[PDB]
Amino acid sequence: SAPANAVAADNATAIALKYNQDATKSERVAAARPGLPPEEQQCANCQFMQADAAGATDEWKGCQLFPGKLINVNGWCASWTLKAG
Ligand code: SF4
């Protein structure tokens with residue numbers, strides 16, 4: 001089940017960032033952010049994802065832009081940035 005501090009779709013920051021916990025429902029194709037075909041972009045391959053966040057699970061991870069909350073590994077927002085090694 002989902003953690004109580006999962007980012008909600010109606011959170012003001014979520015709305016400002018165009019976050020969707022399901023990337024397939026997001027505006028990723030239209031946003032065409034660089035580095036990777038948009039249909040492969042998700043929190044899992046984003047520079048801002050923080051896997052060592054409190055409460056992280058296989059599905060729910062931290063994000064630098066959402067302090068104290070958890071995003072969905074399969075989500076996306078308009079700040080998506082390709083993770084560099
Ligand atoms: S910045 Fe990256 S990890 Fe955070 S919600 Fe947006 S796409 Fe997901």
# chains A, B, ... in the order shown; residues from 1 in each chain; ligands from 1
>>> closest_atom_pairs(of="segment 50-72 of chain A", to="segment 8-24 of chain A", cutoff="8 Å", atoms="only C-alpha atoms", output="CSV")
residue,atom,partner,partner_atom,distance
A:66,CA,A:13,CA,7.7
A:71,CA,A:21,CA,6.7
A:72,CA,A:21,CA,5.3
>>> residues_around(residues="residue 44 of chain A", least_positions_apart="6", cutoff="9 Å", atoms="only C-alpha atoms", output="list in words")
residues 51, 61, 72, 73, 74, 75, 76 and 83 of chain A
>>> write_last_selection(atoms="N, CA and C atoms", output="compact mmCIF listing (two decimals), in the first residue's frame")
# COMPACT_ATOMS: atom_id res chain seq x y z
N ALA A 51 17.02 7.39 -3.78
CA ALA A 51 16.51 6.06 -3.35
C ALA A 51 16.69 5.83 -1.86
N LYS A 61 10.13 6.27 -3.84
CA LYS A 61 11.48 6.72 -3.63
C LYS A 61 11.45 8.23 -3.32
N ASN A 72 6.72 7.98 -6.95
CA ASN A 72 6.53 6.73 -7.55
C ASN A 72 7.67 6.54 -8.55
N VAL A 73 8.35 5.42 -8.47
CA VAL A 73 9.45 5.14 -9.41
C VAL A 73 9.02 5.20 -10.85
N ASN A 74 7.74 4.97 -11.12
CA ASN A 74 7.15 5.01 -12.45
C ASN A 74 6.52 6.33 -12.79
N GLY A 75 6.76 7.35 -12.00
CA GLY A 75 6.18 8.68 -12.22
C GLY A 75 7.09 9.50 -13.16
N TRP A 76 6.70 10.78 -13.29
CA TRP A 76 7.44 11.72 -14.14
C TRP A 76 7.00 13.11 -13.76
N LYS A 83 19.64 10.85 -15.36
CA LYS A 83 20.63 10.54 -14.38
C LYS A 83 21.95 10.27 -15.07
>>> select_by_dssp(residues="chain A", states="strand (DSSP E or B)", output="PyMOL selection string")
chain A and resi 6+20+46+49-50+60-63+70-72+76+82
>>> residues_near_ligand(ligand="ligand 1", cutoff="6 Å", atoms="only C-alpha atoms and all ligand atoms", output="PDB file with N, CA and C atoms, in the first residue's frame")
ATOM      1  N   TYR A  19       3.855  16.874 -12.151  1.00  0.00           N
ATOM      2  CA  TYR A  19       4.103  15.515 -11.719  1.00  0.00           C
ATOM      3  C   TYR A  19       2.882  14.652 -11.926  1.00  0.00           C
ATOM      4  N   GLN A  42      11.279   8.381 -16.623  1.00  0.00           N
ATOM      5  CA  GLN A  42      10.499   8.179 -15.393  1.00  0.00           C
ATOM      6  C   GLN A  42      11.397   8.521 -14.202  1.00  0.00           C
ATOM      7  N   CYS A  43      10.773   8.585 -13.018  1.00  0.00           N
ATOM      8  CA  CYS A  43      11.570   8.963 -11.854  1.00  0.00           C
ATOM      9  C   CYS A  43      12.775   8.026 -11.670  1.00  0.00           C
ATOM     10  N   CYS A  46      15.874   9.426 -13.284  1.00  0.00           N
ATOM     11  CA  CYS A  46      16.021  10.859 -13.101  1.00  0.00           C
ATOM     12  C   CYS A  46      17.131  11.184 -12.097  1.00  0.00           C
ATOM     13  N   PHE A  48      17.215  13.575 -10.031  1.00  0.00           N
ATOM     14  CA  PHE A  48      16.723  14.073  -8.751  1.00  0.00           C
ATOM     15  C   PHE A  48      16.206  12.969  -7.854  1.00  0.00           C
ATOM     16  N   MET A  49      16.012  11.762  -8.347  1.00  0.00           N
ATOM     17  CA  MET A  49      15.483  10.680  -7.495  1.00  0.00           C
ATOM     18  C   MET A  49      16.498  10.332  -6.415  1.00  0.00           C
ATOM     19  N   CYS A  63      12.593  12.273  -3.819  1.00  0.00           N
ATOM     20  CA  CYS A  63      12.951  13.192  -4.889  1.00  0.00           C
ATOM     21  C   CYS A  63      13.460  14.463  -4.231  1.00  0.00           C
ATOM     22  N   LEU A  65      13.256  17.409  -5.133  1.00  0.00           N
ATOM     23  CA  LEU A  65      12.333  18.526  -5.291  1.00  0.00           C
ATOM     24  C   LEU A  65      11.101  18.427  -4.398  1.00  0.00           C
ATOM     25  N   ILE A  71       7.994   9.960  -4.198  1.00  0.00           N
ATOM     26  CA  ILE A  71       7.412   9.817  -5.527  1.00  0.00           C
ATOM     27  C   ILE A  71       7.352   8.363  -5.889  1.00  0.00           C
ATOM     28  N   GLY A  75       6.762   7.351 -12.003  1.00  0.00           N
ATOM     29  CA  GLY A  75       6.179   8.681 -12.222  1.00  0.00           C
ATOM     30  C   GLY A  75       7.090   9.498 -13.157  1.00  0.00           C
ATOM     31  N   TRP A  76       6.704  10.778 -13.288  1.00  0.00           N
ATOM     32  CA  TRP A  76       7.435  11.720 -14.144  1.00  0.00           C
ATOM     33  C   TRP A  76       6.998  13.108 -13.760  1.00  0.00           C
ATOM     34  N   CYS A  77       7.893  14.102 -13.887  1.00  0.00           N
ATOM     35  CA  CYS A  77       7.494  15.495 -13.818  1.00  0.00           C
ATOM     36  C   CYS A  77       8.367  16.273 -14.814  1.00  0.00           C
ATOM     37  N   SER A  79      10.498  18.488 -14.516  1.00  0.00           N
ATOM     38  CA  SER A  79      11.886  18.663 -14.162  1.00  0.00           C
ATOM     39  C   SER A  79      12.754  17.421 -14.383  1.00  0.00           C
ATOM     40  N   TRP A  80      12.177  16.365 -14.928  1.00  0.00           N
ATOM     41  CA  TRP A  80      12.909  15.166 -15.226  1.00  0.00           C
ATOM     42  C   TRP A  80      14.244  15.508 -15.922  1.00  0.00           C
TER      43      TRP A  80
END
>>> residues_around(residues="residue 62 of chain A", least_positions_apart="2", cutoff="8 Å", atoms="only C-alpha atoms", output="PyMOL selection string")
chain A and resi 49-54+56+60+64+66-71
>>> select_by_dssp(residues="chain A", states="helix (DSSP H, G or I)", output="number ranges by chain")
A: 12-17, 23-25, 28-31, 38-40, 43-45
>>> write_last_selection(atoms="N, CA and C atoms", output="CSV table (one decimal), in the first residue's frame")
chain,number,residue,atom,x,y,z
A,12,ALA,N,0.4,21.4,-4.4
A,12,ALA,CA,0.8,22.6,-5.2
A,12,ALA,C,2.1,22.3,-5.9
A,13,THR,N,3.1,21.7,-5.3
A,13,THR,CA,4.3,21.5,-6.0
A,13,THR,C,4.2,20.5,-7.1
A,14,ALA,N,3.4,19.5,-6.9
A,14,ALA,CA,3.1,18.5,-7.9
A,14,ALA,C,2.5,19.2,-9.1
A,15,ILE,N,1.5,20.0,-8.9
A,15,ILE,CA,0.8,20.7,-10.0
A,15,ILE,C,1.8,21.6,-10.7
A,16,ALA,N,2.6,22.4,-10.0
A,16,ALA,CA,3.6,23.3,-10.6
A,16,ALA,C,4.6,22.5,-11.5
A,17,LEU,N,5.0,21.3,-11.0
A,17,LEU,CA,6.0,20.5,-11.7
A,17,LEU,C,5.4,19.6,-12.8
A,23,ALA,N,3.9,7.8,-15.2
A,23,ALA,CA,4.5,8.6,-16.3
A,23,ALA,C,3.7,8.4,-17.6
A,24,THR,N,3.0,7.3,-17.8
A,24,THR,CA,2.3,7.1,-19.1
A,24,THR,C,1.2,8.1,-19.2
A,25,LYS,N,0.7,8.7,-18.1
A,25,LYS,CA,-0.4,9.6,-18.1
A,25,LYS,C,0.2,11.0,-18.1
A,28,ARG,N,5.1,13.9,-20.8
A,28,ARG,CA,6.5,13.6,-21.1
A,28,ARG,C,6.7,13.7,-22.6
A,29,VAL,N,5.8,13.1,-23.4
A,29,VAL,CA,6.0,13.1,-24.8
A,29,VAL,C,6.1,14.5,-25.3
A,30,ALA,N,5.1,15.4,-24.9
A,30,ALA,CA,5.1,16.7,-25.4
A,30,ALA,C,6.2,17.6,-24.8
A,31,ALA,N,6.7,17.3,-23.6
A,31,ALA,CA,7.7,18.0,-23.0
A,31,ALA,C,9.1,17.8,-23.7
A,38,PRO,N,11.2,10.2,-24.8
A,38,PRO,CA,10.3,10.6,-23.7
A,38,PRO,C,9.5,9.4,-23.1
A,39,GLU,N,9.2,8.4,-23.9
A,39,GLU,CA,8.4,7.3,-23.4
A,39,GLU,C,9.2,6.3,-22.5
A,40,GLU,N,10.5,6.6,-22.3
A,40,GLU,CA,11.3,5.9,-21.4
A,40,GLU,C,11.7,6.7,-20.2
A,43,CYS,N,10.8,8.6,-13.0
A,43,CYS,CA,11.6,9.0,-11.9
A,43,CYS,C,12.8,8.0,-11.7
A,44,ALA,N,12.6,6.7,-12.0
A,44,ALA,CA,13.7,5.8,-11.8
A,44,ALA,C,15.0,6.2,-12.5
A,45,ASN,N,14.9,6.9,-13.6
A,45,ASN,CA,16.2,7.3,-14.4
A,45,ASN,C,16.4,8.8,-14.3
>>> atom_distance(atom1="atom CA of residue 35 of chain A", atom2="atom CA of residue 84 of chain A")
10.2 Å
>>> atom_distance(atom1="atom CA of residue 82 of chain A", atom2="atom CA of residue 37 of chain A")
10.6 Å
>>> decode(residues="segment 3-25 of chain A", atoms="N, CA and C atoms", output="PDB file, in the first residue's frame")
ATOM      1  N   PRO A   3       2.533   4.864   0.765  1.00  0.00           N
ATOM      2  CA  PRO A   3       2.954   5.540   1.990  1.00  0.00           C
ATOM      3  C   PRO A   3       2.164   6.831   2.225  1.00  0.00           C
ATOM      4  N   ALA A   4       2.007   7.202   3.492  1.00  0.00           N
ATOM      5  CA  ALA A   4       1.221   8.385   3.786  1.00  0.00           C
ATOM      6  C   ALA A   4       1.847   9.679   3.295  1.00  0.00           C
ATOM      7  N   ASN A   5       3.155   9.692   3.066  1.00  0.00           N
ATOM      8  CA  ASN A   5       3.804  10.858   2.508  1.00  0.00           C
ATOM      9  C   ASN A   5       4.140  10.713   1.025  1.00  0.00           C
ATOM     10  N   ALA A   6       3.422   9.859   0.304  1.00  0.00           N
ATOM     11  CA  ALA A   6       3.513   9.890  -1.151  1.00  0.00           C
ATOM     12  C   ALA A   6       3.060  11.279  -1.637  1.00  0.00           C
ATOM     13  N   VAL A   7       3.747  11.821  -2.647  1.00  0.00           N
ATOM     14  CA  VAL A   7       3.290  13.066  -3.239  1.00  0.00           C
ATOM     15  C   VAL A   7       1.917  12.859  -3.868  1.00  0.00           C
ATOM     16  N   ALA A   8       0.983  13.715  -3.439  1.00  0.00           N
ATOM     17  CA  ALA A   8      -0.372  13.679  -3.959  1.00  0.00           C
ATOM     18  C   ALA A   8      -0.466  14.502  -5.243  1.00  0.00           C
ATOM     19  N   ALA A   9      -1.353  14.054  -6.137  1.00  0.00           N
ATOM     20  CA  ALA A   9      -1.446  14.702  -7.434  1.00  0.00           C
ATOM     21  C   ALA A   9      -1.911  16.119  -7.367  1.00  0.00           C
ATOM     22  N   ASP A  10      -2.570  16.492  -6.268  1.00  0.00           N
ATOM     23  CA  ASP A  10      -3.110  17.834  -6.113  1.00  0.00           C
ATOM     24  C   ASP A  10      -2.263  18.675  -5.180  1.00  0.00           C
ATOM     25  N   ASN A  11      -1.091  18.218  -4.793  1.00  0.00           N
ATOM     26  CA  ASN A  11      -0.140  19.014  -4.036  1.00  0.00           C
ATOM     27  C   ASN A  11       0.284  20.179  -4.906  1.00  0.00           C
ATOM     28  N   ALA A  12       0.423  21.399  -4.362  1.00  0.00           N
ATOM     29  CA  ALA A  12       0.774  22.551  -5.167  1.00  0.00           C
ATOM     30  C   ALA A  12       2.092  22.349  -5.912  1.00  0.00           C
ATOM     31  N   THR A  13       3.090  21.726  -5.282  1.00  0.00           N
ATOM     32  CA  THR A  13       4.347  21.511  -5.954  1.00  0.00           C
ATOM     33  C   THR A  13       4.182  20.526  -7.095  1.00  0.00           C
ATOM     34  N   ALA A  14       3.427  19.454  -6.862  1.00  0.00           N
ATOM     35  CA  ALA A  14       3.131  18.483  -7.899  1.00  0.00           C
ATOM     36  C   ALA A  14       2.510  19.158  -9.126  1.00  0.00           C
ATOM     37  N   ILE A  15       1.502  20.004  -8.896  1.00  0.00           N
ATOM     38  CA  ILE A  15       0.837  20.686  -9.986  1.00  0.00           C
ATOM     39  C   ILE A  15       1.800  21.600 -10.717  1.00  0.00           C
ATOM     40  N   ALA A  16       2.614  22.358  -9.976  1.00  0.00           N
ATOM     41  CA  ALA A  16       3.574  23.263 -10.605  1.00  0.00           C
ATOM     42  C   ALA A  16       4.592  22.497 -11.460  1.00  0.00           C
ATOM     43  N   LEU A  17       4.952  21.314 -11.013  1.00  0.00           N
ATOM     44  CA  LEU A  17       5.952  20.490 -11.742  1.00  0.00           C
ATOM     45  C   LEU A  17       5.354  19.554 -12.769  1.00  0.00           C
ATOM     46  N   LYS A  18       4.025  19.540 -12.907  1.00  0.00           N
ATOM     47  CA  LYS A  18       3.360  18.602 -13.817  1.00  0.00           C
ATOM     48  C   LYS A  18       3.725  17.156 -13.444  1.00  0.00           C
ATOM     49  N   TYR A  19       3.855  16.874 -12.151  1.00  0.00           N
ATOM     50  CA  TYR A  19       4.103  15.515 -11.719  1.00  0.00           C
ATOM     51  C   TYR A  19       2.882  14.652 -11.926  1.00  0.00           C
ATOM     52  N   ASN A  20       3.128  13.435 -12.381  1.00  0.00           N
ATOM     53  CA  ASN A  20       2.133  12.369 -12.418  1.00  0.00           C
ATOM     54  C   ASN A  20       2.838  11.104 -11.899  1.00  0.00           C
ATOM     55  N   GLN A  21       2.228  10.420 -10.957  1.00  0.00           N
ATOM     56  CA  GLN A  21       2.852   9.203 -10.411  1.00  0.00           C
ATOM     57  C   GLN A  21       2.844   8.074 -11.433  1.00  0.00           C
ATOM     58  N   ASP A  22       2.097   8.229 -12.541  1.00  0.00           N
ATOM     59  CA  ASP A  22       2.103   7.280 -13.649  1.00  0.00           C
ATOM     60  C   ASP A  22       2.622   8.038 -14.886  1.00  0.00           C
ATOM     61  N   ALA A  23       3.892   7.803 -15.223  1.00  0.00           N
ATOM     62  CA  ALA A  23       4.493   8.552 -16.346  1.00  0.00           C
ATOM     63  C   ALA A  23       3.696   8.398 -17.642  1.00  0.00           C
ATOM     64  N   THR A  24       3.011   7.267 -17.832  1.00  0.00           N
ATOM     65  CA  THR A  24       2.304   7.079 -19.087  1.00  0.00           C
ATOM     66  C   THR A  24       1.159   8.072 -19.208  1.00  0.00           C
ATOM     67  N   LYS A  25       0.729   8.653 -18.110  1.00  0.00           N
ATOM     68  CA  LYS A  25      -0.380   9.612 -18.112  1.00  0.00           C
ATOM     69  C   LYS A  25       0.152  11.030 -18.118  1.00  0.00           C
TER      70      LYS A  25
END
